[PDB]
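A.B. asks: Going down the list, the sequences are from chains A and A'. A prime marks a further copy of an entry chain. Numbering-wise, the first sequence is residues 2 to 33, 36 to 64, 75 to 274 according to the entry's author numbering. Numbering-wise, the second sequence is residues 2 to 33, 36 to 64, 75 to 274 according to the entry's author numbering. Virtual Cβ for every residue (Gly too), placed ideally from N, Cα, C.
Number of protein chains: 2
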Amino acid sequence: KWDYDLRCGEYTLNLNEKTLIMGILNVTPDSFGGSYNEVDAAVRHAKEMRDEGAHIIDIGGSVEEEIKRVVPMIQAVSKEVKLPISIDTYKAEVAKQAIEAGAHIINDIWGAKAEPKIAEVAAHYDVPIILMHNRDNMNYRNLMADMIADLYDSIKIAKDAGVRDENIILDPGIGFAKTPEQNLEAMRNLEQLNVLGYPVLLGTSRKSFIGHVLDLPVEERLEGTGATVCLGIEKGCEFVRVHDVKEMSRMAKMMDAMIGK
Amino acid sequence: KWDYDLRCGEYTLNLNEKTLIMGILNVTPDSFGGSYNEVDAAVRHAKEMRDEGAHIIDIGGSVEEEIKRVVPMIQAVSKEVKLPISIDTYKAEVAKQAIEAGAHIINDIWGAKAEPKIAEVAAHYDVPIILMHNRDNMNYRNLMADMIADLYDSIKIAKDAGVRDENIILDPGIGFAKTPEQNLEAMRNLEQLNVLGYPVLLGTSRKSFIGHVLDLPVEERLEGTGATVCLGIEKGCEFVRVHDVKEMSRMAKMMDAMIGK
Ligand SMILES: Nc1nc(N)c(N=O)c(=O)[nH]1
Ligand SMILES: Nc1nc(N)c(N=O)c(=O)[nH]1
């Protein structure tokens, strides 16, 4: 199905053998970047997730401030944990610094629209970039049609910046610029993103539309996240972005055995 | 989609609004049927499951011995918990007694093949009956083709005994007469059972094929059962048979919101 591998400098991700788990790194800051408690807690937690089945660690970010916070964690983590690191920013300068600091993948929630020059940063360092569906409004003529249109406007910016098709991963942006009923409608029609020809990452972990259905606080969302990850993998997605790495690695793995991936 | 309701004497199950959860009643016997600890523990546990989202309680069974064990639990539970009770037997006499004792549904793991007269018991009391795929051997020419053939031989016996179409629920018998690879193949092709025209119950809770994939003991099977319940509901099934009622009710419910049931 994929005729290539996701190349990440030192690490390669095969896209055929299994659903790839992206671990959401917990970034509780200190009231005082760099300091000992916040980097140490980020490392212990990247290590926990490596040990419970994560294949990528996702590290989330006032511009020079964002860099001072995030660069030290990428250095200490890339050092101490042997996994690819994605950097969660829409700022081109923050992205430049992160890959320089040791990050492998750009994770952009504005899909190169926030700051187009980010795609030039991906182009140059030749890293994979995740383009997420997002928009600054919620006026959908047709939810899925508009979604697929908007993602395509992202791919045009990425490609016009030098980005190779093989470094493009797409993401439906569940929980961004979508009512809770539009979120459930995007889950129900996720297979449509496949027509675009690119690997798909789903990020649904703990989000309010799960609590809208279940009527449950954020710490009570494990089973509902499970259901989204499963429908996700059944609908074709290549990665899932989760906080609960142990549980979702097991669900992912059972789904894989069944769907025959 | 269903143009009728599952009629159960006092209780009716609507088959359209939600995936129906069947709770597996825990039947630890006493070394001495009827006695106080075993009926009391069965009741407390039927009550727990009623409170965590179960819609049916499934009560599982030397023939006169099976009846002395199971009749008292059906009396105390039907009394103290206001849910329909299915009776898990393939013996016609055990089934007769159970419905007389207050049970609403017959749950037959031999699909009227073990003892054909069970279908006469269903016919007469006019109760729903679950016909499970099972066979005393494992020589499949074509797993799904043979499955659907064998289930049809069950429906013929049921119907020839007087059973109305509307009292027939089918079950693919995951974990019966199937290698672990055939179990995963039946999960992957579950939607085929829909051509037969009947509601489908899935029972996958904690079964060794989950541990074959995950390589995990029976008490470590929650996430893998979750994955089967989800693929199950996505593939069209109307009921799921589970031990972990709290967790699977939440998964079921999230899946329902998404698939649009
Ligand atoms: N790709 C991606 N990045 C994020 N920061 C997300 N936030 O939830 C998401 O769903 N997807
Ligand atoms: N219907 C039904 N009854 C049982 N006793 C089962 N056992 O696991 C099952 O999977 N399905």
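1. Run through the DSSP bridge pairs and tell me what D61/A' is partnered with.
2. Beta-carbon separation of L26/A' and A49/A' under 8 Å?
3. Hey, how far is the Cα of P230/A from the Cα of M145/A?
4. Taking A105/A' and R148/A' to be in contact with their CB atoms under 8 Å, please state how far apart those CB atoms are, rounded to whole angstroms.
5. What ranges does the beta strand (DSSP E) occupy inside the segment 164-214 of chain A', keeping only unbroken runs of at least 3 residues that lie completely in it?
6. Of all the CB atoms in chain A', is at least one closer than 8 Å to the CB of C250/A?
7. Should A240/A and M268/A' be called a contact, given that it needs their Cβ atoms to be closer than 8 Å?
8. Note down, in chain order, each residue of its chain lying with its Cβ closer than 8 Å to the Cβ of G188/A, except the 5 sequence neighbours on either side.
9. Going along the chain, which residues of its own chain have a beta-carbon closer than 8 Å to the beta-carbon of residue 68/A', five neighbours each way excluded?
10. In terms of alpha-carbon separation, which member of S262/A', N152/A', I143/A', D163/A' lies closest to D61/A'?
11. Given this structure, state the Cα-to-Cα distance separating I181/A from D6/A, to the nearest angstrom.
12. Any beta carbon from chain A within less than 8 Å of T241/A''s own beta carbon?
13. Under 8 Å between C-beta atoms, does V255/A' make it to chain A?
14. Any beta carbon of chain A sitting closer than 8 Å to that of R201/A'?
15. How many angstroms separate the CA atom of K274/A from the CA atom of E133/A'?
16. Could you name the residues of the same chain whose beta carbon sits closer than 6 Å to that of residue 279/A, not counting the 5 residues immediately before and after it, in chain order?
17. Please list, in chain order, the residues of the segment 206-237 of chain A' that have any C-beta partner in chain A closer than 7 Å.
18. List, in chain order, every chain A' residue whose beta-carbon is nearer than 8 Å to that of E55/A.
19. If you draw a straight line from the C-alpha of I100/A to the C-alpha of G63/A, how long is it?
20. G273/A' versus chain A: which residues are under 9 Å apart at the beta carbon?
21. If you run the structure through DSSP and keep just helix, strand and coil, what is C9/A?
22. What residues in its chain sit with their C-beta under 7 Å from that of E11/A, if we drop five residues either side in the sequence?
23. Name, please, each residue of chain A whose Cβ falls closer than 8 Å to the Cβ of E18/A'.
24. Kindly list the residues whose CB is nearer than 7 Å to the CB of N202/A, restricted to its own chain and excluding five residues on each side of it in sequence; keep chain order.
25. How should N40/A' be labelled, buried or exposed, when 16 other C-beta atoms within 10 angstroms of its C-beta is the threshold for buried?
26. Measuring only the C-alpha atoms, how far is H225/A' from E78/A?
27. Whose CA, out of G175/A', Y211/A', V42/A', lies closest to the CA of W3/A'?
28. Express the C-alpha separation of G36/A' and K81/A' in angstroms, rounding to a whole number.
29. Between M52/A' and chain A, is there a C-beta pair that is closer than 8 Å?
30. What do you get for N152/A', buried or exposed, if any count of 16 or more other CB atoms within 10 angstroms of its CB means buried?
31. Nearest to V255/A' by CA position, among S91/A', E247/A', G237/A', is which residue?
32. On the three-state DSSP scale, how would you describe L229/A?
33. Please list the residues of the segment 133-167 of chain A' that have a C-beta atom closer than 9 Å to any C-beta atom in chain A, keeping them in chain order.
34. Between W123/A' and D54/A, what straight-line distance do the alpha-carbon atoms span, to the nearest angstrom?
35. Secondary structure at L16/A', three-state DSSP: helix, strand or coil?
36. Between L21/A and chain A', is any beta-carbon pair separated by less than 8 Å?
C.D. replies: Result, derived from the coordinates:
1. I25/A', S99/A'
2. yes
3. 25 Å
4. With a Cβ gap of about 20 Å, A105/A' and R148/A' do not count as contacting.
5. 181-184
6. no
7. yes
8. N196, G216, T217, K220, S221, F222
9. There are no atomic positions for residue 68/A' here, as chain A' continues from 64 directly to 75.
10. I143/A'
11. 12 Å
12. yes
13. no
14. yes
15. 44 Å
16. Lying before the first or after the last residue shown, residue 279/A is absent from chain A, which here runs from 2 to 274.
17. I223, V226, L227, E236, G237
18. The contacting residues do not exist; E55/A stays about 12 Å from chain A' at best.
19. 6 Å
20. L197, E198, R201
21. strand
22. none
23. In chain order: nothing, as chain A lies at least about 14 Å away.
24. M157
25. exposed
26. 49 Å
27. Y211/A'
28. 5 Å
29. no
30. exposed
31. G237/A'
32. coil
33. none
34. 43 Å
35. coil
36. no
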